[PDB]
Amino acid sequence: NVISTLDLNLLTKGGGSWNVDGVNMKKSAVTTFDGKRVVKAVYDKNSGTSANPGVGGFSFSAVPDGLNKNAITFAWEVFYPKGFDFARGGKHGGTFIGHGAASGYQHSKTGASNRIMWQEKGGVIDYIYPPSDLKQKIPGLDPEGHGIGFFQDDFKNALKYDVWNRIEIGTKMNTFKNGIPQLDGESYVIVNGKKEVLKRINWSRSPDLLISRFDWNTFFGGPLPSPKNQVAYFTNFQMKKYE
């Protein structure tokens, strides 16, 4: 089910068939750790969102050759050395739908996003910014304020220390019938083999607005930044069929 795997030796040289762009390496680095080619994500104390002054994490986008715009999964592995402080959560990355803002406390009629966040104590959630002005039937899936979290009770302390945790996030567009979005989009999260699915999502308002990119942007919060200088390692970024 793997379509392609990002070669991190090409991360700032176009990413091969991933078409990687917008790399913000910051204080992070591609290196070798535990026999694997990884990105060492460096989170300085007080780093998080732009509201916080420190430097932390790294980002990139990709539109890989082979991206199924109607349904796709992205996957990666992350190693948290013992003692890492998860604070009260942060971002990994995920998929964006359409165009227009769908993060950063902004929404748009044309855009949505489906991201993984970590949580306190190494929990995981699905974290969604849905489009403005688009009907939803899932209670609280609202395009205002911050994103909407799902699965908090299913992945408590799922991210263990000193191990390669395996993460996946699947996104499946809703269908349209005579142009009306059909509230049959889906999302799923997998952490170390445990999968949870969310059904009945409207991901976009019209069939021209489909999955448009992978967006990687790892940082603490909001609203709390990294409480100390610390690192995590990410590896094995894959684009996979939606299962």
# chains A, B, ... in the order shown; residues from 1 in each chain; ligands from 1
call {"tool": "select_by_dssp", "arguments": {"residues": "range 75-193 of chain A", "states": "strand (DSSP E)", "output": "VMD selection string"}}
result
chain A and resid 75 to 79 90 to 98 111 to 118 124 to 129 148 to 150 165 to 172 176 to 177 180 to 181 185 to 191
call {"tool": "residues_around", "arguments": {"residues": "range 12-19 of chain A", "least_positions_apart": "4", "cutoff": "9 Å", "atoms": "only C-alpha atoms", "output": "list in words"}}
result
residues 4, 5, 6, 7, 8, 23, 25, 61, 62, 63, 64, 65, 66 and 239 of chain A
call {"tool": "closest_residue", "arguments": {"among": "A:123, A:218, A:161, A:107", "to": "residue 55 in chain A", "atoms": "only C-alpha atoms"}}
result
A:218
call {"tool": "residues_around", "arguments": {"residues": "residue 178 in chain A", "least_positions_apart": "3", "cutoff": "12 Å", "atoms": "only C-alpha atoms", "output": "PyMOL selection string"}}
result
chain A and resi 175+181-182+206-207
call {"tool": "write_last_selection", "arguments": {"atoms": "N, CA, C and O atoms", "output": "short mmCIF file (atom, residue, chain, number, x, y, z; two decimals), in the first residue's frame"}}
result
data_model
loop_
_atom_site.label_atom_id
_atom_site.label_comp_id
_atom_site.auth_asym_id
_atom_site.auth_seq_id
_atom_site.Cartn_x
_atom_site.Cartn_y
_atom_site.Cartn_z
N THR A 175 -18.04 12.69 -1.44
CA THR A 175 -18.51 12.68 -2.84
C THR A 175 -19.44 13.86 -3.06
O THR A 175 -19.76 14.56 -2.10
N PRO A 181 -22.31 18.47 -1.66
CA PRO A 181 -21.43 17.59 -0.89
C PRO A 181 -22.23 16.58 -0.06
O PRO A 181 -23.23 16.95 0.54
N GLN A 182 -21.78 15.34 -0.03
CA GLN A 182 -22.62 14.24 0.46
C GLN A 182 -22.30 13.81 1.89
O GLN A 182 -22.79 12.72 2.33
N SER A 206 -17.05 21.76 -3.34
CA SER A 206 -17.27 21.54 -4.76
C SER A 206 -16.18 20.61 -5.29
O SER A 206 -15.12 20.44 -4.70
N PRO A 207 -16.47 19.87 -6.35
CA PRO A 207 -15.60 18.77 -6.78
C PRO A 207 -14.27 19.19 -7.37
O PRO A 207 -13.43 18.32 -7.60
#
call {"tool": "residues_around", "arguments": {"residues": "range 49-52 of chain A", "least_positions_apart": "4", "cutoff": "10 Å", "atoms": "only C-alpha atoms", "output": "list in words"}}
result
residues 45, 56, 90, 91, 104, 218, 219, 220, 221, 222, 223, 224, 225 and 226 of chain A
call {"tool": "write_last_selection", "arguments": {"atoms": "C-alpha atoms", "output": "PDB file, in the first residue's frame"}}
result
ATOM      1  CA  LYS A  45      12.800  26.287  24.889  1.00  0.00           C
ATOM      2  CA  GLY A  56      11.590  25.055  16.929  1.00  0.00           C
ATOM      3  CA  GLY A  90       1.833  20.159  19.279  1.00  0.00           C
ATOM      4  CA  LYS A  91       1.713  19.391  15.605  1.00  0.00           C
ATOM      5  CA  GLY A 104      -3.470  29.506  12.060  1.00  0.00           C
ATOM      6  CA  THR A 218       6.016  20.375  13.536  1.00  0.00           C
ATOM      7  CA  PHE A 219       6.001  22.688  16.560  1.00  0.00           C
ATOM      8  CA  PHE A 220       4.647  22.939  20.066  1.00  0.00           C
ATOM      9  CA  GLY A 221       1.205  24.239  20.847  1.00  0.00           C
ATOM     10  CA  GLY A 222      -0.641  26.296  20.863  1.00  0.00           C
ATOM     11  CA  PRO A 223      -0.878  27.683  23.219  1.00  0.00           C
ATOM     12  CA  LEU A 224       2.078  26.309  25.201  1.00  0.00           C
ATOM     13  CA  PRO A 225       5.569  26.244  23.698  1.00  0.00           C
ATOM     14  CA  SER A 226       8.351  23.771  24.346  1.00  0.00           C
TER      15      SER A 226
END
call {"tool": "residues_around", "arguments": {"residues": "range 134-150 of chain A", "least_positions_apart": "5", "cutoff": "6 Å", "atoms": "only C-alpha atoms", "output": "JSON, numbers by chain"}}
result
{"A": [105, 125, 126, 127, 128, 129]}
call {"tool": "residues_around", "arguments": {"residues": "residue 39 in chain A", "least_positions_apart": "3", "cutoff": "8 Å", "atoms": "only C-alpha atoms", "output": "PyMOL selection string"}}
result
chain A and resi 8+28-31+233-235
call {"tool": "residues_around", "arguments": {"residues": "residue 155 in chain A", "least_positions_apart": "2", "cutoff": "8 Å", "atoms": "only C-alpha atoms", "output": "number ranges by chain"}}
result
A: 123-125, 151-153, 157-158, 191
call {"tool": "write_last_selection", "arguments": {"atoms": "N, CA, C and O atoms", "output": "PDB file, in the first residue's frame"}}
result
ATOM      1  N   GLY A 123      -0.214  11.707  24.121  1.00  0.00           N
ATOM      2  CA  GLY A 123      -1.446  11.328  23.397  1.00  0.00           C
ATOM      3  C   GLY A 123      -1.403  11.804  21.965  1.00  0.00           C
ATOM      4  O   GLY A 123      -0.519  12.559  21.567  1.00  0.00           O
ATOM      5  N   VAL A 124      -2.404  11.363  21.175  1.00  0.00           N
ATOM      6  CA  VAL A 124      -2.535  11.748  19.787  1.00  0.00           C
ATOM      7  C   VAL A 124      -3.978  12.109  19.542  1.00  0.00           C
ATOM      8  O   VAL A 124      -4.874  11.471  20.109  1.00  0.00           O
ATOM      9  N   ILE A 125      -4.184  13.087  18.662  1.00  0.00           N
ATOM     10  CA  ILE A 125      -5.526  13.349  18.122  1.00  0.00           C
ATOM     11  C   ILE A 125      -5.410  13.621  16.636  1.00  0.00           C
ATOM     12  O   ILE A 125      -4.388  13.991  16.092  1.00  0.00           O
ATOM     13  N   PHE A 151     -10.545  11.722  18.739  1.00  0.00           N
ATOM     14  CA  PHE A 151      -9.818  10.508  19.129  1.00  0.00           C
ATOM     15  C   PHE A 151      -9.016  10.697  20.399  1.00  0.00           C
ATOM     16  O   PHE A 151      -8.216   9.805  20.730  1.00  0.00           O
ATOM     17  N   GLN A 152      -9.242  11.774  21.155  1.00  0.00           N
ATOM     18  CA  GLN A 152      -8.420  11.923  22.352  1.00  0.00           C
ATOM     19  C   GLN A 152      -8.505  10.747  23.329  1.00  0.00           C
ATOM     20  O   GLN A 152      -7.519  10.383  23.954  1.00  0.00           O
ATOM     21  N   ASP A 153      -9.666  10.089  23.431  1.00  0.00           N
ATOM     22  CA  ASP A 153      -9.759   8.968  24.359  1.00  0.00           C
ATOM     23  C   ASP A 153      -9.209   7.671  23.806  1.00  0.00           C
ATOM     24  O   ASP A 153      -9.160   6.674  24.529  1.00  0.00           O
ATOM     25  N   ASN A 157      -1.475   8.506  25.825  1.00  0.00           N
ATOM     26  CA  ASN A 157      -0.111   8.030  25.986  1.00  0.00           C
ATOM     27  C   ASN A 157       0.301   7.065  24.886  1.00  0.00           C
ATOM     28  O   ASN A 157       1.095   6.142  25.092  1.00  0.00           O
ATOM     29  N   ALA A 158      -0.212   7.277  23.679  1.00  0.00           N
ATOM     30  CA  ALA A 158       0.107   6.347  22.597  1.00  0.00           C
ATOM     31  C   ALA A 158       1.561   6.476  22.148  1.00  0.00           C
ATOM     32  O   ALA A 158       2.161   5.509  21.671  1.00  0.00           O
ATOM     33  N   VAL A 191      -1.973   4.874  15.150  1.00  0.00           N
ATOM     34  CA  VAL A 191      -0.785   5.046  15.975  1.00  0.00           C
ATOM     35  C   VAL A 191      -0.377   3.644  16.434  1.00  0.00           C
ATOM     36  O   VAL A 191      -1.163   2.958  17.123  1.00  0.00           O
TER      37      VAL A 191
END
call {"tool": "closest_residue", "arguments": {"among": "A:119, A:95, A:24, A:9", "to": "residue 168 in chain A", "atoms": "only C-alpha atoms"}}
result
A:95
call {"tool": "closest_residue", "arguments": {"among": "A:202, A:32, A:59, A:1", "to": "residue 111 in chain A", "atoms": "only C-alpha atoms"}}
result
A:202
call {"tool": "closest_residue", "arguments": {"among": "A:120, A:78, A:190, A:58", "to": "residue 37 in chain A", "atoms": "only C-alpha atoms"}}
result
A:78
call {"tool": "closest_residue", "arguments": {"among": "A:114, A:164, A:200, A:47", "to": "residue 98 in chain A", "atoms": "only C-alpha atoms"}}
result
A:114
call {"tool": "closest_residue", "arguments": {"among": "A:85, A:57, A:217, A:132", "to": "residue 101 in chain A", "atoms": "only C-alpha atoms"}}
result
A:132
call {"tool": "atom_distance", "arguments": {"atom1": "CA of residue 121 in chain A", "atom2": "CA of residue 242 in chain A"}}
result
28.5 Å
call {"tool": "atom_distance", "arguments": {"atom1": "CA of residue 189 in chain A", "atom2": "CA of residue 83 in chain A"}}
result
25.1 Å
call {"tool": "atom_distance", "arguments": {"atom1": "CA of residue 106 in chain A", "atom2": "CA of residue 196 in chain A"}}
result
26.6 Å
